[PDB]
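Enquirer: One structure is given below, represented as structure tokens, and several questions about it will come after.
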Amino acid sequence: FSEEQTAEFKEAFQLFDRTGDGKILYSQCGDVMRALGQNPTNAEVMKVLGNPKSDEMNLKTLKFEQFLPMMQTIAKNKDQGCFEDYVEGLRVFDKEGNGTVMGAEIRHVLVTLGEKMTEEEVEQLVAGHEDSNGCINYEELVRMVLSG
Amino acid sequence: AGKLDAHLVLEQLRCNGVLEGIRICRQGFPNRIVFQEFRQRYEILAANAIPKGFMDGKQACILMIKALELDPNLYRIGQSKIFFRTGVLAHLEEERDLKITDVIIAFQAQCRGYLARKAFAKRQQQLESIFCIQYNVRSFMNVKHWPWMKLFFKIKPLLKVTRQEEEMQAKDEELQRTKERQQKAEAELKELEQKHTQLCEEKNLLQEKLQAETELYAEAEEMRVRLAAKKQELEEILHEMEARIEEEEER
Amino acid sequence: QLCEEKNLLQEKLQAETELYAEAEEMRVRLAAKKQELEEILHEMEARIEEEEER
Amino acid sequence: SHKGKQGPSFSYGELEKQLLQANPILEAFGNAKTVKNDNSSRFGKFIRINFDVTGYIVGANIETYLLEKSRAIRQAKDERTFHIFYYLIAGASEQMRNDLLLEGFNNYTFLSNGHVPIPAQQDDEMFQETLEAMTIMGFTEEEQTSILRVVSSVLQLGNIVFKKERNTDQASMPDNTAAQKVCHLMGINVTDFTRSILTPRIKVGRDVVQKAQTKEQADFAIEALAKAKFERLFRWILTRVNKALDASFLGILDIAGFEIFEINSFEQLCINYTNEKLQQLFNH
Amino acid sequence: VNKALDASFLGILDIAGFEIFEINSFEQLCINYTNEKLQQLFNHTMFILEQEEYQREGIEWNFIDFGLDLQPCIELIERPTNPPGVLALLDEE
Amino acid sequence: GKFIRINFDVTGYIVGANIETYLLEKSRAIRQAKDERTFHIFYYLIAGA
Amino acid sequence: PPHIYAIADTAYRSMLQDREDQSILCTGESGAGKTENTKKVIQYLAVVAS
């Protein structure tokens with residue numbers, strides 16, 4: 001990570017403390033990595049956190065110098081999703097080859113499989129992509145979260 | 001309950017066909033799947049069993065059966081469909097679900113990502129806007145107690161405003177009346193403020209004096225009030241109890 | 001409001017001890033009332049039970 | 001009527017401007033090369049022009065007829081599909097090229113005789129001409145890009161395959177890419193599409209007769225689907241055109257002419273029917 | 001009830017169970033009839049049918065007689081013309 | 001006997017329900033055997049009334 | 001583990017999977033519980049599929 005960005009990373013990390021010690025609760029790590037344009041899965045984050053425990057995940061803290069070493073470790077990975085397959089999976093919920101899925105079925109799956117999201121999480125996501133018939137076009141929603 | 005007659009339950013299992021009902025599950029192949037759906041669902045298991053070119057559904061899928069080195073006793077190839085043995089298809093399903101787990105889950109991630117970078121870059125907007133808000137308040141807290149600033153304050157209104165208003169003949173008259181009223185109000189307000197200040201001072205003095213007898217009295221009063229409240233509650237409870245008792249007696 | 005507070009303070013001064021005494025008296029009265037109520041309730045309950053049996 | 005004020009040199013009114021650019025549009029999705037005419041009108045047409053009392057043009061309707069959209073799937077020997085197709089496969093911009101998954105010629109199976117050329121006509125430019133027209137007419141900048149993907153779509157849906165299955169005997173979807181793409185352009189979904197396309201979760205009479213068709217049926221549908229998805233377009237544009245072009249009216253009738261090739265299908269029957277019809281009118 | 005409760009359907013069947021008291025009236029006859037009926041269904045779909053398809057697809061399989069049939073006991077009460085059934089007679093008679 | 005039928009849409013949700021009732025032994029509505037009763041509702045009514 | 005709620009879900013899915021209506025037939029002699037087990041199947045599907 002060129003100092004150019006590393007220099008800015010700090011600007012982002014710093015831009016993450018409600019009080020002021022200059023520490024990111026073991027929890028925040030995830031969002032801070034994300035904010036830095038990272039899409040680490042929920043596991044990829046714990047793995048580099050020593051797999052703590054809920055309780056201590058709200059007590060433990062972080063300092064950029066000890067955080068940076070993780071930002072990268074993640075940064076360099078083996079895979080990533082992509083329209084190609086990403087949508088290929090949602091298209092399996094397309095009731096009748098319409099090319100669209102019901103914002104309720106999409107809202108389900110997303111909160112009942114794998115890294116289960118929250119009712120609100122999905123709400124905030126799909127919200128505004130459902131049509132008159134509450135129909136979402138994955139192809140697009142895919143790109144949205146993606147290219148976005 | 002807890003009683004279980006051996007033979008009575010032995011016959012039932014006899015006239016119902018249970019055993020036989022099980023022999024075929026072990027004997028035959030209760031699971032079958034057509035050549036297409038098979039090379040469809042579990043191809044992901046043998047990505048290189050079937051060549052890049054096309055091929056006959058059957059044969060083309062018999063390839064991937066060798067690719068899993070499936071025992072020739074679990075399955076039974078037919079005309080249009082394959083007949084498997086119990087559990088053989090379950091395991092096949094498991095594997096496939098494993099072969100794709102990571103990927104699943106996959107999307108959810110990018111969502112937390114997207115869903116994140118955005119809602120953070122949001123708190124960012126309320127921020128210079130924050131600062132503005134931040135500092136801005138602080139001013140006031142400091143200022144509001146400053147002579148000069150109070151002055152500006154009472155005065156800030158007289159600004160603009162007249163001569164025309166005064167002239168207006170009707171308007172002018174109205175303005176004059178308003179001014180007079182305002183002056184009166186101001187005087188009244190000042191008087192009230194003075195009175196309030198005096199009262200406050202008196203109250204403070206009284207409080208000090210009370211702090212010891214006064215303090216004790218206050219404490220006593222508080223205690224009395226609490227006691228009264230408790231008593232009232234107790235009375236209410238008692239009444240309720242009495243009513244309940246009466247009802248019970250009647251019943 | 002200030003005037004009211006002042007008046008209260010004055011009374012207490014004449015005051016905290018006096019207030020405390022009054023409170024104590026009130027509490028005692030309340031307690032007595034509560035006891036009476038409880039007794040009445042008990043009696044009522046007994047009567048009700050008897051009635052039910054009958 | 002004029003805003004006051006050499007060959008084609010002349011500034012026409014505002015509507016007459018469009019009235020002029022209409023026919024060059026329907027000519028795209030509607031005309032195609034045949035053993036009788038490089039740019040044949042593949043559908044009867046009856047244009048109606050409306051005049052006020054002063055004698056000025058004020059409106060214009062267009063009643064389209066028998067659109068032989070059959071050929072949208074399979075073209076006879078030395079014949080072509082609806083111009084627009086070729087126009088697109090070529091006039092497509094590099095960017096938008098992929099945007100609709102517009103592989104080159106002969107990468108699509110709905111184009112029999114691969115890519116056949118038209119004498120004195122350059123499809124390359126032909127695109128812009130019609131593109132240009134569409135704008136003159138009124139189709140929003142994007143309002144067009146769309147009408148184009150829906151075209152590629154009507155072509156991809158042709159790649160989709162269904163190879164028999166000697167095991168079950170219900171051909172399947174051995175390849176995703178095909179419908180994979182297609183379902184994207186449709187704003188719909190794969191899996192669903194697939195099932196629906198292979199296993200019709202139908203509902204006959206008082207029953208949810210869930211069944212699965214045979215390789216063939218698997219196509220007769222994916223085929224007669226795109227084929228009708230097309231017509232759904234023509235009829236659409238036509239009402240988009242007719243939306244701008246709109247006491248007296250002048251009627252101009254351009255029916256399709258007596259045509260009689262090798263395979264004298266149904267189309268040719270109603271066509272040579274009307275032709276016989278009209279003539280009799282003149283006789284009467 | 002059915003006025004409020006009203007592509008796919010799930011079917012749940014609660015028939016009355018083989019019952020046999022003192023007075024074995026008509027009711028008990030159709031009841032223990034259905035019971036005999038249903039069972040045979042399980043026998044068909046369980047042994048009969050299953051083996052037919054093994055044949056059809058033509059897989060390496062030999063038949064197996066589980067000896068489970070009650071068709072007979074049904075004819076004795078179901079069948080009409082030809083050897084009449086218990087129900088038959090009681091109908092015309 | 002009773003055969004309940006539940007109806008689902010394409011998304012997999014319950015939407016309807018039918019009920020095919022059969023051999024209602026209403027005989028017993030007039031005379032019940034030894035140590036047996038009539039249709040619950042009867043007693044319910046004679047009491048819950 | 002084997003439980004009625006299981007037979008109910010196994011069917012209710014099987015239906016939505018291979019698209020082909022299903023039946024849950026409770027046999028057993030009188031008293032054996034033909035009914036109860038039905039009330040459950042509805043009980044389950046009333047929440048799991050509603």
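By order in the structure tokens, chains are A, B, ...; within a chain, residues start at 1; ligands start at 1, following the order shown.
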Taking only C-alpha atoms into account, find every residue of chain E that has an atom no more than 8 Å from chain B, and write it out as a ChimeraX atom specification.
Expert: /E:39,43,46-47,50,57-60,66,68
Enquirer: Kindly save the residues from that selection, with N, CA and C atoms included, as a short mmCIF file (atom, residue, chain, number, x, y, z; two decimals), in the first residue's frame.
Expert:
```cif
data_model
loop_
_atom_site.label_atom_id
_atom_site.label_comp_id
_atom_site.auth_asym_id
_atom_site.auth_seq_id
_atom_site.Cartn_x
_atom_site.Cartn_y
_atom_site.Cartn_z
N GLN E 39 -55.21 -49.24 2.54
CA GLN E 39 -54.06 -50.10 2.74
C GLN E 39 -53.55 -50.61 1.40
N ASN E 43 -49.94 -50.80 -0.69
CA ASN E 43 -49.38 -52.04 -1.24
C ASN E 43 -49.03 -51.85 -2.71
N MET E 46 -46.25 -49.22 -3.20
CA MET E 46 -45.05 -49.67 -2.50
C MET E 46 -44.30 -50.83 -3.14
N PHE E 47 -45.02 -51.84 -3.61
CA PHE E 47 -44.36 -52.97 -4.21
C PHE E 47 -44.69 -53.12 -5.69
N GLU E 50 -43.69 -49.71 -8.04
CA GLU E 50 -42.24 -49.55 -8.01
C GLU E 50 -41.52 -50.53 -8.90
N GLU E 57 -37.97 -48.97 -17.49
CA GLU E 57 -36.67 -48.39 -17.80
C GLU E 57 -35.70 -49.49 -18.22
N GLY E 58 -36.08 -50.72 -17.89
CA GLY E 58 -35.27 -51.88 -18.24
C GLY E 58 -33.93 -52.01 -17.54
N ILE E 59 -33.95 -51.90 -16.22
CA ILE E 59 -32.74 -52.00 -15.43
C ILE E 59 -32.55 -53.45 -15.04
N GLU E 60 -31.32 -53.80 -14.66
CA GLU E 60 -31.01 -55.17 -14.26
C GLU E 60 -31.77 -55.45 -12.98
N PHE E 66 -43.90 -59.72 -2.62
CA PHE E 66 -44.06 -59.44 -1.21
C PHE E 66 -45.36 -60.03 -0.67
N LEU E 68 -48.68 -59.19 -0.94
CA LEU E 68 -49.49 -58.22 -0.22
C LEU E 68 -50.60 -57.69 -1.13
#
```
Enquirer: Could you go through region 88-236 of chain B and tell me which residues DSSP, when run on the backbone, assigns to alpha helix (DSSP H), listing them as a PyMOL selection string?
Expert: chain B and resi 88-99+106-126+129-143+147-155+163-167+170-209+215-236
Enquirer: Interatomic distance between CA of residue 46 (chain B) and CA of residue 87 (chain A)?
Expert: 22.4 Å
Enquirer: Identify every residue of chain F that has at least one atom within 12 Å of any atom of chain D, counting only C-alpha atoms, and report the result as a ChimeraX atom specification.
Expert: /F:7-11
Enquirer: Write out as a list in words which residues come within 9 Å of residue 12 (chain F) when counting only C-alpha atoms, dropping same-chain ones fewer than 4 positions away.
Expert: residues 8 of chain E; 8 of chain F; 12, 13, 16, 49 and 50 of chain G
Enquirer: Using only C-alpha atoms, determine which residues lie at most 12 Å from residue 39 (chain F), disregarding the query and same-chain residues fewer than 4 positions distant; provide the list as a list in words.
Expert: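 These residues fall inside the cut-off: residues 24, 25, 26, 27, 28, 29, 30, 31, 32, 43, 44, 45 and 46 of chain F.
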Enquirer: May I ask for the distance between CA of residue 127 (chain D) and CA of residue 102 (chain D), given in Å to one decimal place?
Expert: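 Taking CA of residue 127 (chain D) as the start and CA of residue 102 (chain D) as the end point, the length is 14.5 Å.
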Enquirer: For chain B, work out the contacting residues on chain G at 10 Å, counting only C-alpha atoms, and write them as an NGL selection string.
Expert: :G and (27-29)
Enquirer: Based on the selection just made, write C-alpha atoms of those residues as a PDB file, in the first residue's frame.
Expert:
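Contents of the output file part-v4.pdb:
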```
ATOM      1  CA  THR G  27     -53.110 -44.970   8.215  1.00  0.00           C
ATOM      2  CA  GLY G  28     -53.358 -47.027  11.368  1.00  0.00           C
ATOM      3  CA  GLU G  29     -56.219 -48.709  13.203  1.00  0.00           C
TER       4      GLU G  29
END
```
Enquirer: Quick one: which chain G residues come within 10 Å of chain F, and what is the nearest atom pair for each with the distance in Å to one decimal, counting only C-alpha atoms, rows ordered by chain and ascending number, as JSON lines?
Expert:
```
{"residue": "G:12", "atom": "CA", "partner": "F:12", "partner_atom": "CA", "distance": 8.8}
{"residue": "G:13", "atom": "CA", "partner": "F:12", "partner_atom": "CA", "distance": 8.8}
{"residue": "G:15", "atom": "CA", "partner": "F:12", "partner_atom": "CA", "distance": 9.1}
{"residue": "G:16", "atom": "CA", "partner": "F:12", "partner_atom": "CA", "distance": 6.7}
{"residue": "G:19", "atom": "CA", "partner": "F:10", "partner_atom": "CA", "distance": 9.7}
{"residue": "G:21", "atom": "CA", "partner": "F:7", "partner_atom": "CA", "distance": 9.8}
{"residue": "G:22", "atom": "CA", "partner": "F:5", "partner_atom": "CA", "distance": 9.9}
{"residue": "G:23", "atom": "CA", "partner": "F:5", "partner_atom": "CA", "distance": 9.0}
{"residue": "G:24", "atom": "CA", "partner": "F:3", "partner_atom": "CA", "distance": 9.9}
{"residue": "G:25", "atom": "CA", "partner": "F:3", "partner_atom": "CA", "distance": 9.2}
{"residue": "G:35", "atom": "CA", "partner": "F:2", "partner_atom": "CA", "distance": 9.4}
{"residue": "G:38", "atom": "CA", "partner": "F:4", "partner_atom": "CA", "distance": 9.2}
{"residue": "G:42", "atom": "CA", "partner": "F:6", "partner_atom": "CA", "distance": 8.8}
{"residue": "G:45", "atom": "CA", "partner": "F:14", "partner_atom": "CA", "distance": 8.2}
{"residue": "G:46", "atom": "CA", "partner": "F:14", "partner_atom": "CA", "distance": 7.7}
{"residue": "G:47", "atom": "CA", "partner": "F:14", "partner_atom": "CA", "distance": 9.5}
{"residue": "G:48", "atom": "CA", "partner": "F:13", "partner_atom": "CA", "distance": 9.2}
{"residue": "G:49", "atom": "CA", "partner": "F:13", "partner_atom": "CA", "distance": 5.4}
{"residue": "G:50", "atom": "CA", "partner": "F:14", "partner_atom": "CA", "distance": 5.3}
```
Enquirer: With 6 Å as the limit and counting only C-alpha atoms, what residues in chain A lie close to chain B? Please list them as a PyMOL selection string.
Expert: chain A and resi 34-35+39+41+114-115+145
Enquirer: Find the spatial neighbours of residue 66 (chain D), counting only C-alpha atoms, within a cut-off of 9 Å - ignore same-chain residues fewer than 6 positions away - and output them as a PyMOL selection string.
Expert: chain D and resi 42-45+256+267+270-271
Enquirer: Give me, as a list in words, all polymer residues having an atom no more than 10 Å from region 258-261 of chain D, counting only C-alpha atoms and skipping those fewer than 5 positions away in the same chain.
Expert: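 My list of contacting residues is residues 34, 35, 36, 76, 267, 268, 269, 270, 271, 272, 273, 274, 275 and 276 of chain D.
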Enquirer: Skip residue 206 (chain B) itself and residues of its chain fewer than 2 positions away, then list as number ranges by chain all residues within 10 Å of it, counting only C-alpha atoms.
Expert: B: 200-204, 208-211, 214; C: 5-13, 15
Enquirer: Measuring atom to atom with only C-alpha atoms, identify which of G:14, G:7, G:34, G:20 is nearest to chain D.
Expert: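 Using only C-alpha atoms, chain D sits closest to G:20.
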Enquirer: Hey, which bits of chain B sit within 7 Å of chain C, and for each residue what's the closest pair of atoms and how far apart in Å (one decimal), counting only C-alpha atoms, rows by chain and increasing number, as a Markdown table?
Expert:
```
| residue | atom | partner | partner_atom | distance |
| --- | --- | --- | --- | --- |
| B:199 | CA | C:2 | CA | 6.2 |
| B:200 | CA | C:2 | CA | 6.4 |
| B:203 | CA | C:6 | CA | 4.9 |
| B:206 | CA | C:9 | CA | 6.2 |
| B:207 | CA | C:9 | CA | 6.4 |
| B:210 | CA | C:13 | CA | 4.9 |
| B:213 | CA | C:16 | CA | 5.1 |
| B:214 | CA | C:16 | CA | 3.7 |
| B:215 | CA | C:16 | CA | 4.8 |
| B:216 | CA | C:16 | CA | 4.0 |
| B:217 | CA | C:16 | CA | 1.5 |
| B:218 | CA | C:16 | CA | 4.2 |
| B:219 | CA | C:20 | CA | 6.0 |
| B:220 | CA | C:20 | CA | 2.5 |
| B:221 | CA | C:19 | CA | 4.4 |
| B:223 | CA | C:23 | CA | 5.9 |
| B:224 | CA | C:23 | CA | 2.9 |
| B:225 | CA | C:23 | CA | 6.1 |
| B:227 | CA | C:27 | CA | 4.5 |
| B:228 | CA | C:27 | CA | 5.4 |
| B:231 | CA | C:30 | CA | 4.5 |
| B:232 | CA | C:30 | CA | 7.0 |
| B:234 | CA | C:34 | CA | 5.5 |
| B:235 | CA | C:34 | CA | 5.0 |
| B:238 | CA | C:38 | CA | 5.0 |
| B:239 | CA | C:41 | CA | 6.3 |
| B:241 | CA | C:41 | CA | 5.6 |
| B:242 | CA | C:41 | CA | 3.5 |
| B:244 | CA | C:45 | CA | 6.8 |
| B:245 | CA | C:45 | CA | 3.2 |
| B:246 | CA | C:48 | CA | 4.0 |
| B:247 | CA | C:48 | CA | 5.8 |
| B:248 | CA | C:48 | CA | 5.0 |
| B:249 | CA | C:48 | CA | 2.1 |
| B:250 | CA | C:52 | CA | 4.4 |
| B:251 | CA | C:52 | CA | 4.1 |
```
Enquirer: Kindly export the residues of the current selection with N, CA and C atoms, as an mmCIF file, in the first residue's frame.
Expert:
```cif
data_model
loop_
_atom_site.group_PDB
_atom_site.id
_atom_site.type_symbol
_atom_site.label_atom_id
_atom_site.label_comp_id
_atom_site.auth_asym_id
_atom_site.auth_seq_id
_atom_site.Cartn_x
_atom_site.Cartn_y
_atom_site.Cartn_z
ATOM 1 N N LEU B 199 -36.765 37.525 44.730
ATOM 2 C CA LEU B 199 -37.387 36.294 45.219
ATOM 3 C C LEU B 199 -36.343 35.196 45.303
ATOM 4 N N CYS B 200 -35.568 35.054 44.252
ATOM 5 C CA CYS B 200 -34.533 34.020 44.203
ATOM 6 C C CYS B 200 -33.580 34.195 45.383
ATOM 7 N N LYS B 203 -35.210 33.163 48.555
ATOM 8 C CA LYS B 203 -35.323 31.706 48.585
ATOM 9 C C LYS B 203 -33.996 31.103 49.012
ATOM 10 N N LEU B 206 -33.417 31.608 52.641
ATOM 11 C CA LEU B 206 -34.314 30.726 53.388
ATOM 12 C C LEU B 206 -33.743 29.321 53.413
ATOM 13 N N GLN B 207 -33.325 28.850 52.261
ATOM 14 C CA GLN B 207 -32.767 27.499 52.149
ATOM 15 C C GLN B 207 -31.581 27.355 53.096
ATOM 16 N N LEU B 210 -32.724 27.164 56.622
ATOM 17 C CA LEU B 210 -33.340 25.861 56.856
ATOM 18 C C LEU B 210 -32.261 24.823 57.098
ATOM 19 N N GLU B 213 -32.513 23.201 60.736
ATOM 20 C CA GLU B 213 -33.924 22.934 61.022
ATOM 21 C C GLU B 213 -34.699 22.848 59.721
ATOM 22 N N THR B 214 -34.474 23.806 58.851
ATOM 23 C CA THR B 214 -35.170 23.846 57.564
ATOM 24 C C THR B 214 -34.917 22.546 56.806
ATOM 25 N N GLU B 215 -33.657 22.163 56.747
ATOM 26 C CA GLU B 215 -33.290 20.926 56.031
ATOM 27 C C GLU B 215 -34.061 19.730 56.623
ATOM 28 N N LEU B 216 -34.031 19.658 57.939
ATOM 29 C CA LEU B 216 -34.714 18.563 58.643
ATOM 30 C C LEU B 216 -36.197 18.564 58.283
ATOM 31 N N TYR B 217 -36.793 19.733 58.337
ATOM 32 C CA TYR B 217 -38.212 19.881 58.032
ATOM 33 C C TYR B 217 -38.488 19.368 56.632
ATOM 34 N N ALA B 218 -37.672 19.792 55.693
ATOM 35 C CA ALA B 218 -37.849 19.368 54.296
ATOM 36 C C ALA B 218 -37.818 17.836 54.208
ATOM 37 N N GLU B 219 -36.814 17.267 54.846
ATOM 38 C CA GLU B 219 -36.666 15.798 54.835
ATOM 39 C C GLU B 219 -37.931 15.142 55.402
ATOM 40 N N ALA B 220 -38.369 15.664 56.529
ATOM 41 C CA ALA B 220 -39.557 15.135 57.199
ATOM 42 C C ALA B 220 -40.745 15.201 56.256
ATOM 43 N N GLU B 221 -40.917 16.340 55.625
ATOM 44 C CA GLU B 221 -42.034 16.536 54.699
ATOM 45 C C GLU B 221 -41.985 15.473 53.606
ATOM 46 N N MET B 223 -40.553 12.581 53.630
ATOM 47 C CA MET B 223 -40.858 11.275 54.233
ATOM 48 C C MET B 223 -42.366 11.126 54.406
ATOM 49 N N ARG B 224 -42.980 12.156 54.942
ATOM 50 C CA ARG B 224 -44.420 12.147 55.181
ATOM 51 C C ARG B 224 -45.151 11.895 53.874
ATOM 52 N N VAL B 225 -44.761 12.620 52.848
ATOM 53 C CA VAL B 225 -45.406 12.470 51.534
ATOM 54 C C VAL B 225 -45.302 11.010 51.070
ATOM 55 N N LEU B 227 -44.825 8.352 52.835
ATOM 56 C CA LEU B 227 -45.649 7.523 53.715
ATOM 57 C C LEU B 227 -47.100 7.600 53.274
ATOM 58 N N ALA B 228 -47.566 8.806 53.038
ATOM 59 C CA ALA B 228 -48.954 9.016 52.620
ATOM 60 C C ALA B 228 -49.233 8.218 51.350
ATOM 61 N N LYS B 231 -49.447 4.587 52.088
ATOM 62 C CA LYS B 231 -50.697 4.314 52.790
ATOM 63 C C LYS B 231 -51.833 4.225 51.786
ATOM 64 N N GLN B 232 -51.893 5.195 50.900
ATOM 65 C CA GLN B 232 -52.958 5.222 49.886
ATOM 66 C C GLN B 232 -52.933 3.919 49.072
ATOM 67 N N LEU B 234 -51.666 1.059 49.864
ATOM 68 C CA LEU B 234 -52.056 -0.044 50.740
ATOM 69 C C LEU B 234 -53.570 -0.100 50.848
ATOM 70 N N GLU B 235 -54.171 1.044 51.084
ATOM 71 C CA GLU B 235 -55.625 1.123 51.224
ATOM 72 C C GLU B 235 -56.292 0.570 49.969
ATOM 73 N N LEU B 238 -55.975 -3.125 49.823
ATOM 74 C CA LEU B 238 -56.864 -3.722 50.816
ATOM 75 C C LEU B 238 -58.277 -3.774 50.266
ATOM 76 N N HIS B 239 -58.723 -2.663 49.718
ATOM 77 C CA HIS B 239 -60.082 -2.591 49.161
ATOM 78 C C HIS B 239 -60.265 -3.680 48.094
ATOM 79 N N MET B 241 -58.606 -6.418 47.687
ATOM 80 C CA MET B 241 -58.574 -7.724 48.344
ATOM 81 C C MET B 241 -59.937 -8.027 48.940
ATOM 82 N N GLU B 242 -60.488 -7.059 49.637
ATOM 83 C CA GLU B 242 -61.795 -7.231 50.276
ATOM 84 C C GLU B 242 -62.832 -7.611 49.222
ATOM 85 N N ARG B 244 -62.402 -8.945 46.315
ATOM 86 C CA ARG B 244 -62.099 -10.298 45.827
ATOM 87 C C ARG B 244 -62.627 -11.333 46.817
ATOM 88 N N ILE B 245 -62.339 -11.107 48.081
ATOM 89 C CA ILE B 245 -62.763 -12.023 49.136
ATOM 90 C C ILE B 245 -64.272 -12.171 49.100
ATOM 91 N N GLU B 246 -64.960 -11.052 49.023
ATOM 92 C CA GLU B 246 -66.430 -11.074 48.994
ATOM 93 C C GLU B 246 -66.914 -11.938 47.818
ATOM 94 N N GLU B 247 -66.331 -11.677 46.665
ATOM 95 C CA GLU B 247 -66.711 -12.433 45.454
ATOM 96 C C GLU B 247 -66.496 -13.935 45.687
ATOM 97 N N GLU B 248 -65.333 -14.251 46.219
ATOM 98 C CA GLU B 248 -64.977 -15.645 46.486
ATOM 99 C C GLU B 248 -66.007 -16.265 47.412
ATOM 100 N N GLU B 249 -66.331 -15.554 48.469
ATOM 101 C CA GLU B 249 -67.302 -16.050 49.447
ATOM 102 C C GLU B 249 -68.622 -16.356 48.750
ATOM 103 N N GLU B 250 -69.071 -15.413 47.946
ATOM 104 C CA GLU B 250 -70.345 -15.597 47.223
ATOM 105 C C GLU B 250 -70.278 -16.873 46.364
ATOM 106 N N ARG B 251 -69.186 -16.988 45.636
ATOM 107 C CA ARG B 251 -68.991 -18.152 44.758
ATOM 108 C C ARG B 251 -69.050 -19.434 45.581
#
```
Enquirer: Any chance you could tabulate, as a Markdown table, the residues of chain E at most 9 Å from chain G with each one's nearest atom pair and distance in Å to one decimal, using only C-alpha atoms, in chain and rising number order?
Expert:
```
| residue | atom | partner | partner_atom | distance |
| --- | --- | --- | --- | --- |
| E:8 | CA | G:21 | CA | 5.9 |
| E:9 | CA | G:21 | CA | 5.6 |
| E:10 | CA | G:22 | CA | 5.1 |
| E:11 | CA | G:23 | CA | 4.1 |
| E:12 | CA | G:24 | CA | 4.8 |
| E:13 | CA | G:25 | CA | 4.9 |
| E:14 | CA | G:35 | CA | 6.0 |
| E:15 | CA | G:34 | CA | 7.6 |
| E:16 | CA | G:30 | CA | 6.8 |
| E:17 | CA | G:30 | CA | 3.8 |
| E:18 | CA | G:29 | CA | 5.0 |
| E:19 | CA | G:30 | CA | 5.5 |
| E:20 | CA | G:30 | CA | 8.8 |
| E:35 | CA | G:27 | CA | 8.0 |
| E:38 | CA | G:27 | CA | 7.9 |
| E:39 | CA | G:27 | CA | 7.6 |
```
Enquirer: Taking only C-alpha atoms into account, which residues of chain D are within 9 Å of chain E, as a ChimeraX atom specification?
Expert: /D:167,201-203,207-210
Enquirer: One decimal, Å: what's the distance from CA of residue 155 (chain B) over to CA of residue 179 (chain B), could you say?
Expert: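 Spanning CA of residue 155 (chain B) to CA of residue 179 (chain B) is a straight-line distance of 13.7 Å.
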